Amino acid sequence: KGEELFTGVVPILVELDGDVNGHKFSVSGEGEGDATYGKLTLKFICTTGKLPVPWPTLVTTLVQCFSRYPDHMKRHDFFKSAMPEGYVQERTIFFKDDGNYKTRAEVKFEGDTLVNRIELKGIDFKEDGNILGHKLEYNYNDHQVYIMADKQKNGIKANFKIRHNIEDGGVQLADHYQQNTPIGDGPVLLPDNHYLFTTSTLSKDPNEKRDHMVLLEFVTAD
């Protein structure tokens, strides 16, 4: 099936066109993924200058096909089954007391690379609040994601809340809303409702002079 496209180490390209309050920017990302361990290792660069948001607010947007699916549930794996034709991923993210993101993304194979292309638009943000005022710590507090099949769209939806640590105290809520649909026409594994558990560690690279993000991530399903 598609599951076989991930048996070993795959390369990962992430491209991101964004516009937040008219602050326009871009992020490109390279890395690889090993679905057998749901291990992601990734570097992201603001190839346009300084990132007008804090890196953590883009972690979610910046590949759930790489999550390690234990043997007994390989049949619930929409993300690998949509491949290589891929899936669209649309999200809407509400930052409690600030604006929000609208993100479209195409997650397909291109040659041997898994490519996550993304458009991100944001409106209604306060220019001195925690997002545009760069007020969040460079840490990540993951949260599980409840995956639910959307039989009418032939794919899945999801709703989950990320907590962002606020410099000097507090947490910024980021209410997440997600649907995925398949791109190709093959059949797809519509899955039973389940969880995806993510641990995420953002580091820097001491030899990169651009505004950037090193990210190591693990995702496994249950």
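Residue indices: 1-based, along the sequence shown.
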Continuity check for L196 and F197, given as deposited residues lacking coordinates between them: none
Quick note on 198 to 206 and 14 to 22: per-entry mean CA temperature factor is higher in 198 to 206
If you average the CA temperature factors as listed in the entry, which stretch comes out higher, 24 to 32 or 158 to 166? 158 to 166
Scanning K74, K121, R117, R91 for peak Cα temperature factor in the entry gives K74
I'd like to know which of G38, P54, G49, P191 has the highest C-alpha temperature factor in the PDB entry. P191
Where does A82 sit by CA temperature factor within its chain: lowest, middle or highest third? highest
Sorting the chain's modelled residues by C-alpha B-factor, tell me whether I183 ends up in the lowest, middle or highest third. highest
Where does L173 sit by CA temperature factor within its chain: lowest, middle or highest third? middle
With respect to C-alpha B-factor, does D112 fall in the lowest, middle or highest third of the chain as deposited? lowest
Considering only modelled residues of the same chain, in which third does the CA B-factor of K151 rank: lowest, middle or highest? highest
